[PDB]
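Residue numbers for the sequence shown, in the authors' numbering: 1 to 61, 65 to 218.
Written out below as structure tokens is the structure these notes cover.
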Amino acid sequence: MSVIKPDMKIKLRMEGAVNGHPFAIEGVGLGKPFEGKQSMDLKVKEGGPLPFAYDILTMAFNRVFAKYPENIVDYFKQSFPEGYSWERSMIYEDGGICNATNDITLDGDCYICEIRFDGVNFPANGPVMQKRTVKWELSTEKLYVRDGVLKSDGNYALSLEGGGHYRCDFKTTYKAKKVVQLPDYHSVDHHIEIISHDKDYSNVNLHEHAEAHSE
């Protein structure tokens, strides 16, 4: 590509609410699309200090940053410069459900992301509202085509303070803004990690690494 470069920038804004309570976060970041790595600094702009586990937001904060091998069609890199959007549900085992959308465009060497996030029905004594989450385990996303667009599923898990896990099922639809070649069924393994943060998570540094496989 002369559109996808080895080093790219990111600018993002999330507006949302969790159990009815509104917030907004802005981010700037740097990524390496062919290496499948990115890093971003995130700042709470409205609705802080956030009254819920930051971990529920991190996978909403772009599969253009995934190392695709030569033998798997890369839906995401193909979609540029026009870009793509996604829509996602996240169904937690204790009944909390989050919906989110992202619209991703490209300006020069900077992806621009506009995210909406809405979470409801998190129990007041659950790990989200009590901030008892530690980190996401390594995740495997499974991607398949349906109705001319790309769909994906994952069975993800947060490790909890004091041990044990909290499970969440992610279901996503990715929609390219132009006709692109559609991929065969494949996987993406992801690792996401909050590298640093201040006391109430008003400032967070987040890293992600992703690699595709079909082997």
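We put the beta carbon where it would ideally sit given N, CA and C, even for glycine.
Option nearest residue i by Cα separation, candidates the options
| i | options | result |
| --- | --- | --- |
| residue 204 | 218, 117, 178, 23 | 23 |
| residue 5 | 114, 47, 103, 120 | 114 |
| residue 196 | 177, 55, 154 | 55 |
| residue 92 | 139, 123, 51 | 123 |
| residue 12 | 1, 106, 170, 67 | 106 |
| residue 135 | 9, 101, 51 | 51 |
| residue 137 | 27, 21, 53, 20 | 53 |
| residue 189 | 209, 157, 102 | 157 |
| residue 88 | 108, 192, 76, 208 | 108 |
| residue 213 | 186, 68, 149, 31 | 68 |
| residue 165 | 145, 130, 186 | 130 |
| residue 149 | 169, 170, 186, 97 | 186 |
Residues near residue i in its chain [Cβ-Cβ closer than 6 angstroms; skip 5 each side]
| i | result |
| --- | --- |
| residue 82 | 179, 183 |
| residue 3 | 83, 84 |
| residue 90 | 104, 176 |
| residue 71 | 77, 215 |
| residue 193 | 142, 213 |
Environment of residue i [buried if 16+ CB atoms lie within 10 Å]
| i | result |
| --- | --- |
| residue 14 | buried |
| residue 33 | buried |
| residue 66 | buried |
| residue 95 | buried |
| residue 49 | exposed |
| residue 155 | buried |
| residue 59 | buried |
| residue 21 | exposed |
| residue 1 | exposed |
| residue 18 | buried |
| residue 147 | exposed |
| residue 98 | exposed |
Where residue i falls: helix, strand or coil (DSSP)
| i | result |
| --- | --- |
| residue 133 | coil |
| residue 100 | strand |
| residue 52 | coil |
| residue 184 | coil |
| residue 147 | strand |
| residue 78 | helix |
| residue 202 | coil |
| residue 208 | strand |
| residue 83 | coil |
Close Cβ partners of residue i (< 8 angstroms) along its chain, the five nearest in sequence each way excluded
| i | result |
| --- | --- |
| residue 206 | 41, 42, 43, 44, 200 |
Residues of its chain near residue i, where Cβ-Cβ distance is below 7 angstroms and the 5 sequence neighbours each way are ignored
| i | result |
| --- | --- |
| residue 86 | 107, 108, 109, 180 |
| residue 75 | 186, 189, 215, 217 |
Would you be able to state if there are at least three C-beta pairs under 8 angstroms between the region 26 to 41 and the region 141 to 148? no
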